[PDB]
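In what follows, a structure is listed as structure tokens, so that the remarks can point back to it.
We place every Cβ from the backbone using ideal geometry, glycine too, and count neighbours over all the protein chains shown. Every number here is computed from the coordinates shown, using simple stated rules; none is lab data.
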Ligand SMILES: *[C@@H]1O[C@H](CO)[C@@H](O[C@@H]2O[C@H](CO)[C@@H](O[C@@H]3O[C@H](CO[C@H]4O[C@H](CO)[C@@H](O)[C@H](O)[C@@H]4O)[C@@H](O)[C@H](O[C@H]4O[C@H](CO)[C@@H](O)[C@H](O)[C@@H]4O)[C@@H]3O)[C@H](O)[C@H]2NC(C)=O)[C@H](O)[C@H]1NC(C)=O
Ligand SMILES: *[C@@H]1O[C@H](CO)[C@@H](O[C@@H]2O[C@H](CO)[C@@H](O[C@@H]3O[C@H](CO)[C@@H](O)[C@H](O[C@H]4O[C@H](CO)[C@@H](O)[C@H](O)[C@@H]4O)[C@@H]3O)[C@H](O)[C@H]2NC(C)=O)[C@H](O)[C@H]1NC(C)=O
Ligand SMILES: *[C@@H]1O[C@H](CO)[C@@H](O)[C@H](O)[C@H]1NC(C)=O
Ligand SMILES: *[C@@H]1O[C@H](CO)[C@@H](O)[C@H](O)[C@H]1NC(C)=O
Ligand SMILES: [Co+2]
Ligand SMILES: [Co+2]
């Protein structure tokens, strides 16, 4: 056939459609290419199974279903909240891929594969924030996004072959194999596959760097605000089984560590929505109920021991954090203090109580070490300082420091690393101005949302998006974000070396290069506090 | 008399002499005016008895004896060591005063009274670095210095009335009463008497702001690198007794707690040089064998309880610290590592051993807090960082942070405080380069030594001398170091507020104003570390 919009995948034929990007430029899109058998009925919790081949031609012109998940109604129809809520119908049948190619269709181009992050409980590839149209048309790259099972439906673990765990990761893995097989027909290059994700999506990307089954399915990796060594990224096999039995109990099912086949069978019987809506029990800040676990097949050792032994892919890494990683999660947790309102502050007394609520597992001597490390000593009682203190102690421990650790290990094992610190507030930020540059703020800019003129981004912000969009893309191409010509509009990004530890600051009016970021506090969490908790355990 | 150089004191008549400052400017000087009975034999260790009235006229024209003390023979004839060594004959007969008045002799000008510091074991007002002429001639102020008993001869304590302790402080006090009684005859204003000292001398100055006795004798105070809250500035009456009995044993006499009167008797019969040369034994860094003690008369409470309540003179204060306070004391103690030579460095392993030796009293969980607080987490194993970390951990604990505490307690008691940070290296510094700005470097500049045409100070340093001489002088005049006209060559020195905590950096090409200085580390010692030691103790 001579129609370019149709493509012959290894399992059948699909038809795409030509759509114009908000930039005016046009791209070809294929939306909702099935990569697996719908994981319904007896297949729930279990690993994905390759899609059955189909007769005739399939219309891949519609954004696919998103996986069954919780919806965020906490702040109602607040744009800053609803933008992360699913914009397609919720279904168990959600395992699909989206492919976007620039026009004219490139001969053989690098492919950027987006694994979304939703803390392993939420998310969809169809979110308007992740728009491939802009990234593809502007950087001349194949942009690909996959859907993966999320929450317990994707991460329930019991130890039995009935609930093996990491089902969502296997969903991603199968989708990666699909890309190697089929991406060339779109103008892709199965050799040059760059994985990029944010938060839990970046955690995923990192696990694919570690995984045996995922090793030779991609080339490079970009990791936004995520790391496999993060406290929330994994959960012990023992806890994961208890979390599952708690879900069984809360939903009405039998809960007995003796007979687990009864639990899974009953759980496969209950409603998907009824299932996901009961996962949330007594959890502290930044801990999610159903996440990856060391299963033996996808991962046979904790990311700690994989990093320590150097057992991870040898390839280039682009990673980094935002300035206020903590605030987002403190806003949803800990809700009476830090309300969604302008000019929020924290009294010294309130701050003292907060470090107890935000680190519920430490002994007090460790708490006092936390209060000392995170208080501003020029002005200890300052209400602004004490609020920002809460952001940093959450943001460092759960995000910034883990990204640093992963970036360092990769560097000292001989790999080229490119670290960033994202310091940019959008003018049109819907959140209170004390929140600053929060978790996931960079996403709008990497996907080239400022280029959409219907959203009144400033002209400087439009240049800024194009700037980091370039860094990202030509890292995916060359393994180095810096252009070949070394331009003025694209400042130099030094390699994050094992000794130097340099990062580029990504902001409007800067080319600043620091060392870190936040090396002292990251040493506090990784070095000092562990040995203090070890000494004061009795 | 019609001879201006002759002065009628309340105990007799004295003849001075007119000489030139090194600058050329001429001043009248009175050297070795006796303010007390020579504390010899029976009067040893005891308080000073006032001067006995003398017949005729006494030629106070020769620099007085220095009190009996040890001489620094550690580095030989090295100028950096010998400048602090006594330059007049050593005698127990040493209780004298020096008065220097400018010409033309002014009608009630300000009075700047210098109390030297030598860790209460050494020092003399006769040192070439304490030359008054330049200060009097260049600032039009009456400059007064006093000799006080140092070491055991001035600070031996046994609880007995024959060894009541603080003898050296009562020496200082009696001399202050002399100045109040007589300074008008020399052309000074008795109400405008300003005390200023360095190290132990500054500690002394602070103890006069606290003391019941010295309370009303002076107006203002200047405190250079010293405060009464410093760890080395006092001892438990209980220790002091043991130190005394340890000396009594070492010198070869009865060391019996049963009767102390038998010990004091012998000590009064022993050679003074023999006494001062046997005081040193088992002592860590920055702790001196015979220092002030809470006696009931001069001080009835620890400077801690005194500062806590608010019982201290309500006056202006000009205080501060140098950048590298610790080095000097680490050069002498801990002498195998950190030799007196260029480009010395400390390995991480050596640094780990040093923190053990320099803080010999802490438990080990505290040492882990110290190694963490004093390490460059940018580059932890840096040999330069590990050497400078040694300076800072000594300099903060024994000096900078105690100055900070004192100044802050005065600020929040509603007094005008002016904090400095001296950051200047003289071009002709005899010590190695790595030492930087050490303890007592400011002295040369406050006393106007650069103005001496025979010495190799640069023209900028000569300006910098006059600048800090001005700040010092018109503080002693007005109560504020800033010029009334608010000039541009003499930058503004903001007030050290209990809230702002601003300090002025005293350096060559800087007018910079910071906060603290070094509040983060000062809070480590004053807030965090004691509560850690409390938690980890059993
Ligand atoms: C600090 O304190 C000292 C004493 O502790 C004060 O006394 C000064 O001392 C000297 C010497 O004693 C005075 O100078 C002269 O005194 C002489 C006394 O005569 C004896 O000594 C000299 C030898 O040194 C010989 O003449 C003789 O052998 C005596 O044994 C006199 O010589 C002088 O007086 C003369 O005056 C006229 C001129 O007017 C001459 O023509 C005569 O020769 C006559 O004898 C002279 O006075 C000195 O003057 C004393 N000072 C004062 C102010 O009187 C010092 O006062 C004090 N220091 C200072 C700098 O003032
Ligand atoms: C996707 O799936 C759909 C359904 O599963 C299917 O659509 C088909 O596409 C063809 C070709 O594009 C269409 O052809 C039409 O055939 C009818 C015959 O009755 C004609 O009447 C149509 O002509 C219309 O053209 C104008 C439309 O603007 C109008 O003026 C007026 O309605 C005319 O009648 C037209 O030629 C048809 O819609 C279907 N047919 C079949 C048999 O499925 C196709 O598989 C996929 N479509 C695409 C384009 O991806
Ligand atoms: C920062 O950017 C602004 C433009 O908004 C401009 O003042 C200048 O380029 C930068 N600041 C400096 C260098 O003063
Ligand atoms: C002071 O230092 C600055 C460095 O920024 C420079 O202007 C110069 O070296 C110095 N200024 C003067 C007045 O010499
Ligand atoms: Co039950
Ligand atoms: Co004995």
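Some observations on this one:
- Scanning the stretch B:24-76 for residues that are free of Cβ contacts under 8 Å to residues at least 40 places away in the same chain and within 16 Å of ligand 1 (Cβ to nearest atom) yields a single hit, B:62.
- Residue A:503 vs. criteria over 30 Å from residue A:373 (Cα atoms) and away from ligand 1 (no atom under 16 Å from the Cβ): no
- Output for the stretch A:508-538, where each listed residue is surrounded by 17 or more Cβ atoms within 10 Å (Cβ to Cβ) and either more than 11 Å from every other protein chain (Cβ to nearest Cβ) or within 16 Å of ligand 3 (Cβ to nearest atom) (or both): A:517, A:525
- Of all residues making up the stretch A:1-46, the number that are surrounded by fewer than 14 Cβ atoms within 10 Å (Cβ to Cβ), within 16 Å of ligand 2 (Cβ to nearest atom) and under 29 Å from residue A:167 (Cα atoms): 1
- Scan the stretch A:326-370 for residues that are within 14 Å of chain B (Cβ to nearest Cβ) and farther than 23 Å from residue A:400 by Cα and the total you get is 4.
- Some residue of the stretch B:496-507 being within 24 Å of residue B:458 (Cα to Cα), away from chain A (no Cβ under 11 Å) and not in a strand (DSSP E or B): yes
- Residues being surrounded by fewer than 24 Cβ atoms within 10 Å (Cβ to Cβ) and in contact with a helix residue (DSSP H, G or I) (Cβ under 8 Å, 6 or more places away or on another chain) - total across the stretch B:119-139: 7
Yes/no per residue for (1) over 19 Å from residue A:162 (Cβ atoms); (2) touching a residue at least 40 places away in the same chain (Cβ under 8 Å):
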site	(1), (2)
A:226	yes, yes
A:243	no, yes
A:246	no, no
A:262	no, no
A:275	no, yes
A:281	yes, no
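- Candidates A:489, A:505: the one that is within 16 Å of ligand 3 (Cβ to nearest atom) and touching a helix residue (DSSP H, G or I) at 6+ places or on another chain (Cβ under 9 Å) is A:489.
- Qualifying residue in the stretch A:63-85 (condition: over 29 Å from residue A:119 (Cα atoms), away from ligand 3 (no atom under 16 Å from the Cβ) and away from chain B (no Cβ under 14 Å)): no
- Lone unmet requirement of (1) surrounded by 14 or more Cβ atoms within 10 Å (Cβ to Cβ); (2) within 23 Å of residue A:73 (Cβ to Cβ) for residue A:346: (2)
- Hey, residue B:485 more than 14 Å from chain A (Cβ to nearest Cβ) and either over 29 Å from residue A:379 (Cβ atoms) or touching a residue at least 12 places away in the same chain (Cβ under 8 Å) (or both) or not: yes
- Against the conditions (1) within 16 Å of ligand 3 (Cβ to nearest atom); (2) touching a helix residue (DSSP H, G or I) at 6+ places or on another chain (Cβ under 7 Å), residue A:438 satisfies every one except (1).
- Checklist (1) closer than 18 Å to residue A:534 by Cβ; (2) within 14 Å of another protein chain (Cβ to nearest Cβ) applied to residue A:385, failing item: (1)
- Residue check, residue A:473 within 14 Å of chain B (Cβ to nearest Cβ) and over 26 Å from residue B:379 (Cβ atoms): no
- Looking only at residues of the stretch A:509-538 that are assigned to a loop (DSSP other than H, G, I, E, B) and closer than 26 Å to residue A:394 by Cβ, we find that the one that is nearest to the chain's Cα centre (by Cα) is A:517.
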